[PDB]
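Notes follow the structure.
Each answer follows from the model by the rule given with it, or from the source it names; no laboratory read-out is quoted. All Cβ positions, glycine included, derive from the backbone under ideal geometry; neighbour counts span all protein chains shown.
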Number of protein chains: 2
Amino acid sequence: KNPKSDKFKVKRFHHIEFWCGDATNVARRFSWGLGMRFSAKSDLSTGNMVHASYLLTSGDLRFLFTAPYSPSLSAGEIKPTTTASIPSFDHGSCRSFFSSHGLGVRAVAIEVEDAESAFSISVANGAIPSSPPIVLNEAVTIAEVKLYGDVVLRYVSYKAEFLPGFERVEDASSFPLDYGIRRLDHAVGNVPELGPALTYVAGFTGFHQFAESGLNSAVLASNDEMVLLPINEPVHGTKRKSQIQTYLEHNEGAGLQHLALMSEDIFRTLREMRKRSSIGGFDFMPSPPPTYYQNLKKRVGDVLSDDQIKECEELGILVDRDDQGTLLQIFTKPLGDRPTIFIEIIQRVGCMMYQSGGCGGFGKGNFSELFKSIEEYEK
Amino acid sequence: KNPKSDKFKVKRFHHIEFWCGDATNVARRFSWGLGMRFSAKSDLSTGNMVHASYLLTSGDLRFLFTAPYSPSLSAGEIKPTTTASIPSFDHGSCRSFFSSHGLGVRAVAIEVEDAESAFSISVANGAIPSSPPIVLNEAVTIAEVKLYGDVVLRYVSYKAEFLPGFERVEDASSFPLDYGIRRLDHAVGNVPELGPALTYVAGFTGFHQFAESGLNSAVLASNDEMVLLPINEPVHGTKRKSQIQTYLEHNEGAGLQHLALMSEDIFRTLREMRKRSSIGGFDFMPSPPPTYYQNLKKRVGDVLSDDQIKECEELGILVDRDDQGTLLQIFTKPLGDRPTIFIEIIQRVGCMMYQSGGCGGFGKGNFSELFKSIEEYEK
Ligand SMILES: Cc1c(C(=O)c2c(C3CC3)[nH]n(C)c2=O)ccc2c1c(=O)n(CC1CC1)c(=O)n2C
Ligand SMILES: Cc1c(C(=O)c2c(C3CC3)[nH]n(C)c2=O)ccc2c1c(=O)n(CC1CC1)c(=O)n2C
Ligand SMILES: [Co+2]
Ligand SMILES: [Co+2]
C-alpha cells in the first residue's frame, strides 16, 4: 500500500552532484561515455573563485561535477561576499570527502515546493542539518541535510538557468551527444546497518517502504513513488564476500552505491555505450552465460520477441519480471579507481495509464536466475 | 656550443607521471583526447593495495596516471612488505600534491645508464634527494631528486615490462588509438626566479644551456640535446599580466607548465584531436588571425607549399624558423580545472643526418609575429 505520508511536497529528482579533484576530466569522460551534453558551468570564467562546477544533461538527467580551486584565490572572501555559486560548498569538506572516498556522489538533489519548509520540517523530524536554507538571487532556495555517510539530501525549490551564477555553455563547446538516457530512476546507498538508516531517513521525509546473495535492502519512496531511494546492508558470513562490505571497506564507510538511469531505448543506449567502452567510456559487468538467455523465453517470451531477446544476448542485458511490469537492466563496472560507485542502465515496460514508478521492481529475481544459469552452464 | 658536461650518462625521456585523485577518469580522457593506447596497469587487480597506476603509450611517449587508494587497504604493510609497484609513492605526499596543485605532473622520468650512480652524483652535486635508489625485482632501479616545486626528476635504469609489478592490459581493453604522437620533445617548468632554478638543476646534472612578452626562459639540455628541460620566470610590471605569474598563483607555486609532444604528422594529429575537442578530448588555444597566415608566405614559403600553409590555417598551426630548421606548433587549453598545465603539439623539419634536438627552436619568434598580426588585423 501507499500511505502518502511525505512530510513535505516532493516533486522529482533534480540533479546528482559528484565531488571530484578535477571536475574537467571527470565531466569530459562521463559526457563521452554516457552521451550527455555540456549545458552549464560555474568556474573562473564565470567569476567563481571557489569551485569549478560543470553540468551535463541528458533528457531530464542532470549530472553536476565540482572540484575546489586553491583556497588562496578566495582568501579575502567571507560567506556574505562569496563568489561560490553553490553556497554550501566548503574547500575542507570537499578535499576531505575526496581523499576519504575518492570519486563519488556528494549530493542527491530533489526538487521540492519550498526548500526552507522542507529543511525545517526535516530537521524538526530528526534530520541532521548540513547546510541551512539559502536563497539565490531571490529566485532559488537550496538546503541540505545528511542522508548517509558523507552524502547529503539536497532540497531545491524555484519561485518561478540551472542555478543562479551558472552560465549556459557556448554551443561551439556544447556537442549534442545523446545515447537515449532520459532521467534518474533511483539512487542507492550502502550502509553498515540498514535498520537505523531506514528509520532515520523515513523518519524525516515521511517516505514509505516501496513494495539471497550478499545483501539486505529496502526502498524508500515519495508519495507518487518517483523519488526512489533504496538502501543496502551487507549479509556477513557467506562463502562469497558481500560486495556491500567490499564497498564499505574501499569507500571508507557508507555512501552512494549506484545510480540507475532510465533510457527511452536501452538497446540503442547499450550499443552506443559499448562502442565507446575501450575509447574513453564505461565498461560493463561480464555478460551472463547463454543458459540465461536460453531460459528467458519461458519467462519474458510474452513481452519480448525472439529477435529482441537475442538482441538482449548480444548486449548482455538482464531481464526481470514483477507482477505489474518487466524490467531491462545492466550494470557498469565501477566508474573510478575504487570498487565503489557504479551505474545501472534500465528500461521499464508496463504500468501505464504516464508510467508508474518502480514498474517491474529492481531486479531482485535476477540473482537466483543468474545462479541457476551458472549452475546449468557447466552441464 | 655544446660542452657535453653531463655528469652521468643520460639516454632519453622515459615517462611522465601525473598525480591525480582518480587515475581512471583522467587516463580515459587523455587516451581518447590524445590518441594514446592503454598498455600497462598496476592496481588492485594486480595486487597493488597502495596506488592505482595506468600507463598510456603513443610511439615512444609514456604517460603514467597514479592516484592513492584508501590508506586503510595497506595499514598492515611496512616499506619492506609494500605492495606498491612504485616504491617512492606516499599517500600523504600524493594527497598533499593534488590538493595543493590539482592535476599536474609529479615526475619527469629520464632513462639513464645507472640510476644509483646518477642519484649519488646528483646529490653529491647539490640535488635535494627525494627518494633513494631502489632496485625492483633485480631488474630496474629508480631514484628521485627534487627538480622544482613539488616536481621530481626520476632516474630509471635497466639491467637488460614498463616496471616490475605492472601487467600488460588485455587487448580487449586495449584499443589501438593513434593520432600520430610519437615522443616527448621537451618539458617546461615555471618558477618564481629563473636564476636560482637554473643554477640548481644545471649544477647537479651538468646539462648545458641550449642555444618579449610575459617571461624570461632558458633551456637546459643533455649531451645529445634530446632531453630538453626549459624553465620560465615571470616578467612583472607589464600592461598584460604574465601567464607565468597566473600559473604560479593558481598552481600554488612552481611546477611543470607544458609538455611538448612530437608528432610524425602534425596535420593528422590536429585533425584527429580537433574532431574530439567537444566530445571528451582537448580544446586548443584560439587560432591566430588571417593576417598571420597571410604573412607566412614571406617566411616559410620555402619549406611549406601553398596548400600546406593553408592547411596550417584551418588547424590554427603556428610556424617559426631557426637558422637550422623550421618548427610547427600549437597549444592546448589547460588540461584540467586550473589555468596551469597545458600541452604543445609540435613537428620539426630540418637538421638531419636522424634529427638533431631542438631543430627550429621553441617558437620564441611567434610572439612578435602574433603581436604584429594582431596590430594588422584591425587594418
Ligand atoms: C545492484 C544490483 C541490482 C539493483 O539494482 C537493486 C537491487 C538488488 C537486490 C540487489 N535492489 N535495488 C533496490 C536495486 O536498485 C539488481 C540485480 C543485481 C545487482 C548486482 O549488483 N549484481 C552483481 C553484484 C552482486 C555481485 C548482480 O548480479 N545482480 C543480479
Ligand atoms: C608556451 C609558448 C611557446 C613555447 O613552447 C616555449 C617558449 C616560448 C618563449 C615562450 N620557450 N620554450 C623553451 C618553449 O617550449 C612558444 C610560443 C608561444 C607560447 C604561449 O604560451 N603563448 C600564449 C601565452 C603567452 C600568453 C603564445 O602566444 N606563443 C606565441
Ligand atoms: Co538498481
Ligand atoms: Co614549448
Problem - Subset tally (residues that are surrounded by fewer than 17 Cβ atoms within 10 Å (Cβ to Cβ) and either within 16 Å of ligand 4 (Cβ to nearest atom) or charged (D, E, K, R) (or both)) for segment A:318-357 - result: 2
Handout entry: Test: residue in segment A:354-377 that is over 23 Å from A:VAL219 (Cα atoms), touching a strand residue (DSSP E or B) at 6+ places or on another chain (Cβ under 7 Å) and either assigned by CATH to the domain that holds A:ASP265 or away from ligand 2 (no atom under 16 Å from the Cβ) (or both)
Key = no
Exercise for the section: May I ask you to say which residue of B:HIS258, B:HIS236 is of a type outside the set (A, V, I, L, M, F, W, C), within 12 Å of ligand 4 (Cβ to nearest atom) and assigned by CATH to the domain that holds B:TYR200? Expected result: B:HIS258
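Listed here are the residues, each with its yes/no results for (1) small (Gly, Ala, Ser); (2) within 16 Å of ligand 3 (Cβ to nearest atom); (3) surrounded by fewer than 22 Cβ atoms within 10 Å (Cβ to Cβ); (4) farther than 27 Å from A:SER99 by Cα.
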position: A:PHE162; (1), (2), (3), (4): no, no, yes, yes
position: A:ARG183; (1), (2), (3), (4): no, yes, yes, yes
position: A:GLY206; (1), (2), (3), (4): yes, no, yes, yes
position: A:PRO234; (1), (2), (3), (4): no, no, no, no
position: A:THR238; (1), (2), (3), (4): no, no, yes, yes
Handout entry: Set B:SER53, B:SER31: member being touching a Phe, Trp or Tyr at 6+ places or on another chain (Cβ under 8 Å), among the small types (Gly, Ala, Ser) and closer than 22 Å to B:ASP185 by Cα
Key = B:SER31
Completion exercise
A:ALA127 passes all but one of the listed conditions (1) of a type in the set (A, V, I, L, M); (2) surrounded by 22 or more Cβ atoms within 10 Å (Cβ to Cβ); (3) outside any loop (DSSP other than H, G, I, E, B); the exception is number (3)
Exercise for the section: Looking only at segment A:161-181, decide whether some residue is away from ligand 1 (no atom under 15 Å from the Cβ), more than 22 Å from A:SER88 (Cβ to Cβ) and among the basic types (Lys, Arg). Expected result: yes
Practice task
Determine whether A:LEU304 is away from every other protein chain (no Cβ under 14 Å) and assigned to a loop (DSSP other than H, G, I, E, B).
Solution key: yes
Exercise for the section: List every residue pair whose Cβ atoms lie under 7 Å apart, where the two residues are 6 or more positions apart in sequence or sit on different chains, the first residue falls within segment B:253-279 and is closer than 21 Å to B:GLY102 by Cβ, and the second residue, located anywhere, is polar (S, T, N, Q). Expected result: B:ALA254/B:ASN190; B:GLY255/B:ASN190; B:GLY255/B:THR340; B:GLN257/B:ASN190; B:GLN257/B:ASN232
Problem - Test: residue in segment A:235-244 that is within 12 Å of another protein chain (Cβ to nearest Cβ) and of a type outside the set (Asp, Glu) - result: no
Exercise for the section: Would you point out which residue out of A:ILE134, A:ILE121 is outside the structural domain of A:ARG276 (by CATH) and out of contact with any strand residue (DSSP E or B) (no Cβ under 9 Å at 6 or more places or on another chain)? Expected result: A:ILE121
Problem - So B:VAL26, is it among the aliphatic types (A, V, I, L, M) and over 20 Å from A:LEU103 (Cα atoms) - result: no
Handout entry: Residues (of a type outside the set (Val, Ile, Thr) and either away from chain B (no Cβ under 14 Å) or closer than 19 Å to A:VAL319 by Cα (or both)) located in segment A:339-355
Key = A:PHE342, A:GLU344, A:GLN347, A:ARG348, A:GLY350, A:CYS351, A:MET352, A:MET353, A:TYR354, A:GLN355
Exercise for the section: State all residues of segment A:135-153 that are in a strand (DSSP E or B), within 18 Å of A:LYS79 (Cα to Cα) and not charged (D, E, K, R); if no residue qualifies, say none. Expected result: A:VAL135, A:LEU136, A:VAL140, A:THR141, A:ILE142, A:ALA143
Handout entry: Top-ranked residue of segment B:187-235 - restricted to ones that are farther than 27 Å from B:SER117 by Cα and in a loop (DSSP other than H, G, I, E, B), ranked as nearest to ligand 1 (Cβ to nearest atom)
Key = B:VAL191
Exercise for the section: Might you check whether a residue that is touching a helix residue (DSSP H, G or I) at 6+ places or on another chain (Cβ under 6 Å) and of a type in the set (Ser, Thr, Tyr) occurs anywhere in segment B:242-254? Expected result: no
Practice task
Output yes when any residue across segment B:214-234 is touching a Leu at 6+ places or on another chain (Cβ under 6 Å) and closer than 26 Å to B:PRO87 by Cα, and no when none is.
Solution key: yes
Practice task
Give the residue that is farthest from A:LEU55 (Cα to Cα), with candidates limited to residues of segment A:164-187 that are in contact with a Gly (Cβ under 9 Å, 6 or more places away or on another chain) and small (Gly, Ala, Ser).
Solution key: A:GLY180
Exercise for the section: Considering every residue within segment A:147-170, establish whether at least one is more than 27 Å from A:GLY253 (Cα to Cα) and within 14 Å of another protein chain (Cβ to nearest Cβ). Expected result: yes
Handout entry: Flag for A:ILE121 being among the hydrophobic types (A, V, I, L, M, F, W, C) and either within 14 Å of chain B (Cβ to nearest Cβ) or not in a helix (DSSP H, G or I) (or both)
Key = no
Fill in the blank from the handout: Of the residues in segment B:250-276, those that are within 11 Å of another protein chain (Cβ to nearest Cβ) and buried (at least 18 other Cβ atoms within 10 Å of the Cβ) number 4
